[PDB]
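To start, the structure itself, in structure tokens.
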Amino acid sequence: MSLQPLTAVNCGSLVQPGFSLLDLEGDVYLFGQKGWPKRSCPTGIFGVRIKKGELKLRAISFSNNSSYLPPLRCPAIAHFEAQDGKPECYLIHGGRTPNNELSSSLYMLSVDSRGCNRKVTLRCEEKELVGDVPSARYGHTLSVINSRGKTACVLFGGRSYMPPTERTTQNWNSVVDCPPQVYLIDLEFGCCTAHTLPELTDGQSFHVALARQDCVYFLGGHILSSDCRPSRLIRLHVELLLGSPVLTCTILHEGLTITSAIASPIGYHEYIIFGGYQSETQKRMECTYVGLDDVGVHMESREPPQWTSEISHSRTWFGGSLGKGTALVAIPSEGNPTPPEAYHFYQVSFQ
Amino acid sequence: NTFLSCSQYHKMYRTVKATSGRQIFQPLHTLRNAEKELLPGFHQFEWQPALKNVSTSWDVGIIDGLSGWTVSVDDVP
Amino acid sequence: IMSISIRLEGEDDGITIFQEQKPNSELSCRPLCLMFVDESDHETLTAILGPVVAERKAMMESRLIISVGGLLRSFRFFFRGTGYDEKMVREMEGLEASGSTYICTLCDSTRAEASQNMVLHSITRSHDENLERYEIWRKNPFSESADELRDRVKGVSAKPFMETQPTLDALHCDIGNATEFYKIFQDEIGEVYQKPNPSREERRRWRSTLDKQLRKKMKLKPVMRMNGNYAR
Ligand SMILES: [Zn+2]
């Protein structure tokens, strides 16, 4: 629980406030970049390295038989555990296009090989969605669950632009909470199913969810319709029966008022929720620790690593999970004139 | 056509009206609504068929371009 | 507004009613939107231009009815996106901006090939077909590699969103030919066919004697970069 100011040696204008961090098979891969893929790296995905505070960003590449992806803005992420038939998978859907727009498409990502010089080759595959597909949305959450004993995907949350009939020029950029009906997805086949929940009467965004032993727990839960940040955690439990995937839900009395959190898994289930915003302008300073058992969530705090007055006074911030007690956060920087490297970086560590 | 200010125009007008006036230029207030013919949002019209995805009010003038961007600092600012 | 004609009653083309007499002069350049934003950051530019694009698109479909001459009269429209500089055109039509191996916004020949042949070419680039090529780029239905796919779509990476007419600009083609002749004059003041690789010092020196020559004769001091008047 201590921070360290970094400096990106170069390439300090390709990161945008919304983006994703995926640690898979060693190195960390950043997804989502300001502007369309520059011809430096038509991949649109960067390898990251942290050497003596220096932030180094390398170019990556996919296969020939791989699909090429638009750099989604703030998609949903799922770390599908390494198993048959294809270990290990990263399921993404569906973010916002840098050409400002949504894609209800769903991508599956894996690693291919190495090096031959420690270089990393990747592979992307779209999936047609037999559904009952959820329309395009963003800020939602996708998760993986393993129920008796097969693997399925749970999709819930997020908002979207106006319904297409109500798409109004002067209400175009506005966005309303997508209706609260969860979606169950088999990775194969891409048969998507919709399901209703009589207790989840409202959509929500940016609520970091967690999955464990085919049981899902939603923390956070900021909502537009009521301007509320209901701390109350939401648990649900699914049993994958053929062909009725039975589903149940339940309210928890207490969770936490977190919005767009950064989740670092340190142990197999020792998680720390790092930061976000506790109120509409009041960012969350403190850290929080959650132990995740079949008993459930178990809550505690840690010491908040002292934020230098720069970040502690900065209006907004964000970051991602470098993983394993380590995470990255960024600060919108000022200047006269702008450097224009307007983002400082704090590498934060647990223990 | 010559980039004058309000106070500019009022001084000029008041002056030229004092001497040999017989007011000539027009006061400010009258222009302040006389221009409304030349701005947008004055003239009746419609479309057949009606336009898709456009609120069909024909009188709105200057509009902020954000289009009701939800100010939520949670999301993209 | 550029031109307006009448098609009624039919059986003919559009009888030209009024064509504008001098559209170049900014006295006819009607502003519609302004954004305190930079040209390059796609995100913000798009998220503000959105409604404009949407309604211009929907505009080609319906027909207009206005009170004019005391009467209710109808209208149709034809839009042309022409007045954009190169960088923006290529940026919004999903090109590799700008001096990459694909140069022409119209003919998809490579750079070096554009030196072998110069005159014989066809204009092909069109909006919808660029959307087709971009869908091919995304789906990758042939499982080709980076460069093979780059070629199969003839270099279309980004999804365009604003449709644009197949034409060039007048002004800054003028400025480009002007700066090209400027460079070649800086070159031929010295020796180039006689000097395989000159150095920077000799380049700036040939520039300096060219500027002194333009000052003594023609009364032309240089400027930072040659605009339209200095080009003329
Ligand atoms: Zn050409």
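Going by the structure tokens order, chains are called A, B, ..., each with residues numbered from 1, while ligands are numbered from 1 in the order shown.
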
Select, as an mmCIF file with N, CA, C and O atoms, in the first residue's frame, those residues of chain B with any atom no more than 10 Å from chain A (distances computed using only C-alpha atoms).
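Dumped to selection_21.cif:
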data_model
loop_
_atom_site.group_PDB
_atom_site.id
_atom_site.type_symbol
_atom_site.label_atom_id
_atom_site.label_comp_id
_atom_site.auth_asym_id
_atom_site.auth_seq_id
_atom_site.Cartn_x
_atom_site.Cartn_y
_atom_site.Cartn_z
ATOM 1 N N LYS B 52 -36.463 12.003 -39.899
ATOM 2 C CA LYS B 52 -36.172 11.007 -38.885
ATOM 3 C C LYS B 52 -35.320 11.617 -37.782
ATOM 4 O O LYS B 52 -34.404 12.403 -38.045
ATOM 5 N N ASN B 53 -35.649 11.261 -36.539
ATOM 6 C CA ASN B 53 -34.803 11.473 -35.370
ATOM 7 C C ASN B 53 -34.584 12.943 -35.030
ATOM 8 O O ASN B 53 -33.610 13.282 -34.346
ATOM 9 N N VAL B 54 -35.478 13.829 -35.469
ATOM 10 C CA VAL B 54 -35.334 15.265 -35.259
ATOM 11 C C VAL B 54 -36.617 15.785 -34.624
ATOM 12 O O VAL B 54 -37.703 15.622 -35.195
ATOM 13 N N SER B 55 -36.495 16.410 -33.454
ATOM 14 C CA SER B 55 -37.625 17.109 -32.853
ATOM 15 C C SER B 55 -38.090 18.220 -33.785
ATOM 16 O O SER B 55 -37.309 19.104 -34.149
ATOM 17 N N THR B 56 -39.365 18.182 -34.167
ATOM 18 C CA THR B 56 -39.857 18.976 -35.285
ATOM 19 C C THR B 56 -40.281 20.391 -34.888
ATOM 20 O O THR B 56 -41.079 21.009 -35.603
ATOM 21 N N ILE B 63 -28.379 26.688 -30.122
ATOM 22 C CA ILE B 63 -28.434 25.522 -29.255
ATOM 23 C C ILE B 63 -27.011 25.102 -28.914
ATOM 24 O O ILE B 63 -26.125 25.122 -29.776
ATOM 25 N N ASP B 64 -26.786 24.755 -27.649
ATOM 26 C CA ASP B 64 -25.512 24.171 -27.255
ATOM 27 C C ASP B 64 -25.352 22.799 -27.903
ATOM 28 O O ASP B 64 -26.288 21.995 -27.936
ATOM 29 N N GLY B 65 -24.156 22.534 -28.429
ATOM 30 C CA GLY B 65 -23.960 21.336 -29.226
ATOM 31 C C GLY B 65 -23.820 20.040 -28.456
ATOM 32 O O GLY B 65 -23.917 18.969 -29.064
ATOM 33 N N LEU B 66 -23.604 20.112 -27.136
ATOM 34 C CA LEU B 66 -23.377 18.909 -26.332
ATOM 35 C C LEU B 66 -24.511 17.907 -26.452
ATOM 36 O O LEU B 66 -24.298 16.709 -26.232
ATOM 37 N N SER B 67 -25.725 18.379 -26.747
ATOM 38 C CA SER B 67 -26.913 17.532 -26.895
ATOM 39 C C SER B 67 -27.253 16.787 -25.601
ATOM 40 O O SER B 67 -27.550 15.590 -25.606
ATOM 41 N N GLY B 68 -27.239 17.512 -24.488
ATOM 42 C CA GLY B 68 -27.651 16.922 -23.224
ATOM 43 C C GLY B 68 -26.725 15.839 -22.718
ATOM 44 O O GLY B 68 -27.193 14.821 -22.191
ATOM 45 N N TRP B 69 -25.420 16.026 -22.883
ATOM 46 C CA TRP B 69 -24.447 15.090 -22.342
ATOM 47 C C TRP B 69 -24.603 14.990 -20.832
ATOM 48 O O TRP B 69 -24.432 15.982 -20.116
ATOM 49 N N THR B 70 -24.944 13.797 -20.353
ATOM 50 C CA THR B 70 -25.076 13.578 -18.919
ATOM 51 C C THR B 70 -23.774 13.953 -18.213
ATOM 52 O O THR B 70 -22.717 13.373 -18.486
ATOM 53 N N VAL B 71 -23.857 14.935 -17.311
ATOM 54 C CA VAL B 71 -22.690 15.626 -16.763
ATOM 55 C C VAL B 71 -21.901 14.706 -15.841
ATOM 56 O O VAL B 71 -20.878 15.107 -15.271
ATOM 57 N N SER B 72 -22.379 13.472 -15.677
ATOM 58 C CA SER B 72 -21.768 12.519 -14.760
ATOM 59 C C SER B 72 -20.259 12.447 -14.955
ATOM 60 O O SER B 72 -19.775 11.984 -15.994
ATOM 61 N N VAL B 73 -19.514 12.905 -13.946
ATOM 62 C CA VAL B 73 -18.060 12.864 -14.005
ATOM 63 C C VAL B 73 -17.561 11.434 -13.887
ATOM 64 O O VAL B 73 -16.399 11.149 -14.205
ATOM 65 N N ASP B 74 -18.422 10.530 -13.414
ATOM 66 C CA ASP B 74 -18.127 9.105 -13.474
ATOM 67 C C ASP B 74 -17.715 8.708 -14.888
ATOM 68 O O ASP B 74 -16.648 8.118 -15.099
ATOM 69 N N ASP B 75 -18.542 9.062 -15.875
ATOM 70 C CA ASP B 75 -18.313 8.727 -17.275
ATOM 71 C C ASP B 75 -17.271 9.665 -17.882
ATOM 72 O O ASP B 75 -16.529 10.362 -17.182
ATOM 73 N N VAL B 76 -17.198 9.660 -19.209
ATOM 74 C CA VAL B 76 -16.308 10.569 -19.939
ATOM 75 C C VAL B 76 -16.738 12.012 -19.685
ATOM 76 O O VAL B 76 -17.940 12.335 -19.798
ATOM 77 N N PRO B 77 -15.815 12.911 -19.335
ATOM 78 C CA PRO B 77 -16.211 14.264 -18.919
ATOM 79 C C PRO B 77 -16.813 15.083 -20.051
ATOM 80 O O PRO B 77 -16.381 15.013 -21.205
#

Report as a PDB file with N, CA, C and O atoms, in the first residue's frame which protein, DNA and RNA residues come within 10 Å of ligand 1, using only C-alpha atoms and all ligand atoms.
ATOM      1  N   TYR C 102      -0.188   5.000 -49.253  1.00  0.00           N
ATOM      2  CA  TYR C 102      -1.354   5.351 -50.043  1.00  0.00           C
ATOM      3  C   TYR C 102      -1.569   6.846 -49.899  1.00  0.00           C
ATOM      4  O   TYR C 102      -1.631   7.365 -48.779  1.00  0.00           O
ATOM      5  N   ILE C 103      -1.644   7.535 -51.031  1.00  0.00           N
ATOM      6  CA  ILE C 103      -1.594   8.988 -51.038  1.00  0.00           C
ATOM      7  C   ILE C 103      -2.893   9.555 -51.582  1.00  0.00           C
ATOM      8  O   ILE C 103      -3.572  10.343 -50.911  1.00  0.00           O
ATOM      9  N   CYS C 104      -3.247   9.153 -52.797  1.00  0.00           N
ATOM     10  CA  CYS C 104      -4.424   9.701 -53.444  1.00  0.00           C
ATOM     11  C   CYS C 104      -5.679   9.293 -52.692  1.00  0.00           C
ATOM     12  O   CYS C 104      -5.854   8.127 -52.326  1.00  0.00           O
ATOM     13  N   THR C 105      -6.554  10.263 -52.464  1.00  0.00           N
ATOM     14  CA  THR C 105      -7.869   9.944 -51.945  1.00  0.00           C
ATOM     15  C   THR C 105      -8.760   9.294 -52.998  1.00  0.00           C
ATOM     16  O   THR C 105      -9.874   8.878 -52.667  1.00  0.00           O
ATOM     17  N   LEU C 106      -8.305   9.204 -54.253  1.00  0.00           N
ATOM     18  CA  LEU C 106      -9.125   8.670 -55.339  1.00  0.00           C
ATOM     19  C   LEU C 106      -8.537   7.408 -55.959  1.00  0.00           C
ATOM     20  O   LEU C 106      -9.222   6.383 -56.017  1.00  0.00           O
ATOM     21  N   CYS C 107      -7.298   7.448 -56.445  1.00  0.00           N
ATOM     22  CA  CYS C 107      -6.678   6.288 -57.074  1.00  0.00           C
ATOM     23  C   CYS C 107      -5.789   5.586 -56.057  1.00  0.00           C
ATOM     24  O   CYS C 107      -4.952   6.224 -55.407  1.00  0.00           O
ATOM     25  N   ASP C 108      -5.966   4.274 -55.932  1.00  0.00           N
ATOM     26  CA  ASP C 108      -5.381   3.502 -54.847  1.00  0.00           C
ATOM     27  C   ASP C 108      -3.992   2.959 -55.177  1.00  0.00           C
ATOM     28  O   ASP C 108      -3.546   1.997 -54.541  1.00  0.00           O
ATOM     29  N   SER C 109      -3.298   3.552 -56.146  1.00  0.00           N
ATOM     30  CA  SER C 109      -1.941   3.121 -56.444  1.00  0.00           C
ATOM     31  C   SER C 109      -0.993   3.547 -55.330  1.00  0.00           C
ATOM     32  O   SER C 109      -1.231   4.526 -54.616  1.00  0.00           O
ATOM     33  N   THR C 110       0.098   2.800 -55.190  1.00  0.00           N
ATOM     34  CA  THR C 110       1.065   3.090 -54.147  1.00  0.00           C
ATOM     35  C   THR C 110       1.782   4.403 -54.445  1.00  0.00           C
ATOM     36  O   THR C 110       1.569   5.056 -55.474  1.00  0.00           O
ATOM     37  N   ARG C 111       2.656   4.784 -53.518  1.00  0.00           N
ATOM     38  CA  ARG C 111       3.452   5.991 -53.691  1.00  0.00           C
ATOM     39  C   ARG C 111       4.450   5.828 -54.829  1.00  0.00           C
ATOM     40  O   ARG C 111       4.435   6.590 -55.803  1.00  0.00           O
ATOM     41  N   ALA C 114       3.116   5.640 -58.188  1.00  0.00           N
ATOM     42  CA  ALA C 114       2.673   6.935 -58.687  1.00  0.00           C
ATOM     43  C   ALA C 114       3.792   7.719 -59.366  1.00  0.00           C
ATOM     44  O   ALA C 114       3.511   8.756 -59.976  1.00  0.00           O
ATOM     45  N   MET C 118       1.853   8.364 -64.266  1.00  0.00           N
ATOM     46  CA  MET C 118       1.422   9.601 -63.631  1.00  0.00           C
ATOM     47  C   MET C 118       0.040  10.052 -64.090  1.00  0.00           C
ATOM     48  O   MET C 118      -0.724  10.607 -63.294  1.00  0.00           O
ATOM     49  N   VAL C 119      -0.307   9.814 -65.350  1.00  0.00           N
ATOM     50  CA  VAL C 119      -1.504  10.402 -65.937  1.00  0.00           C
ATOM     51  C   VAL C 119      -2.664   9.412 -66.002  1.00  0.00           C
ATOM     52  O   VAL C 119      -3.813   9.791 -65.771  1.00  0.00           O
ATOM     53  N   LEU C 120      -2.395   8.143 -66.294  1.00  0.00           N
ATOM     54  CA  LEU C 120      -3.451   7.177 -66.573  1.00  0.00           C
ATOM     55  C   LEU C 120      -3.947   6.584 -65.261  1.00  0.00           C
ATOM     56  O   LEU C 120      -3.257   5.764 -64.644  1.00  0.00           O
ATOM     57  N   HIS C 121      -5.146   6.985 -64.846  1.00  0.00           N
ATOM     58  CA  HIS C 121      -5.733   6.481 -63.612  1.00  0.00           C
ATOM     59  C   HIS C 121      -7.240   6.670 -63.664  1.00  0.00           C
ATOM     60  O   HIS C 121      -7.754   7.534 -64.378  1.00  0.00           O
ATOM     61  N   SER C 122      -7.938   5.845 -62.893  1.00  0.00           N
ATOM     62  CA  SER C 122      -9.377   5.949 -62.735  1.00  0.00           C
ATOM     63  C   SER C 122      -9.706   6.346 -61.302  1.00  0.00           C
ATOM     64  O   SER C 122      -8.998   5.982 -60.358  1.00  0.00           O
ATOM     65  N   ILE C 123     -10.782   7.110 -61.151  1.00  0.00           N
ATOM     66  CA  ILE C 123     -11.264   7.515 -59.837  1.00  0.00           C
ATOM     67  C   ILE C 123     -12.261   6.475 -59.355  1.00  0.00           C
ATOM     68  O   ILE C 123     -13.305   6.263 -59.982  1.00  0.00           O
ATOM     69  N   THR C 124     -11.948   5.833 -58.240  1.00  0.00           N
ATOM     70  CA  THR C 124     -12.793   4.761 -57.738  1.00  0.00           C
ATOM     71  C   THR C 124     -13.326   5.004 -56.335  1.00  0.00           C
ATOM     72  O   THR C 124     -14.484   4.676 -56.068  1.00  0.00           O
ATOM     73  N   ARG C 125     -12.523   5.587 -55.444  1.00  0.00           N
ATOM     74  CA  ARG C 125     -12.874   5.711 -54.030  1.00  0.00           C
ATOM     75  C   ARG C 125     -14.266   6.301 -53.822  1.00  0.00           C
ATOM     76  O   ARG C 125     -14.555   7.412 -54.276  1.00  0.00           O
TER      77      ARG C 125
END

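Using only C-alpha atoms, the part of chain C that sits within 9 Å of chain B is made up of residues 33, 34, 35, 47, 48, 49, 51, 54, 55, 58, 59, 61, 62, 63, 64, 65, 66, 67, 72 and 74 of chain C.
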
Can you list every residue in range 135-322 of chain A that DSSP puts in helix (DSSP H, G or I), as an MDAnalysis selection string? chainID A and resid 164:166 169:171 309:313

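The interatomic distance for the pair CA of residue 188 in chain C and CA of residue 232 in chain C works out to 20.6 Å.
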
Using DSSP on the backbone coordinates, identify the residues of chain B assigned to strand (DSSP E); present them as a ChimeraX atom specification. /B:45-48
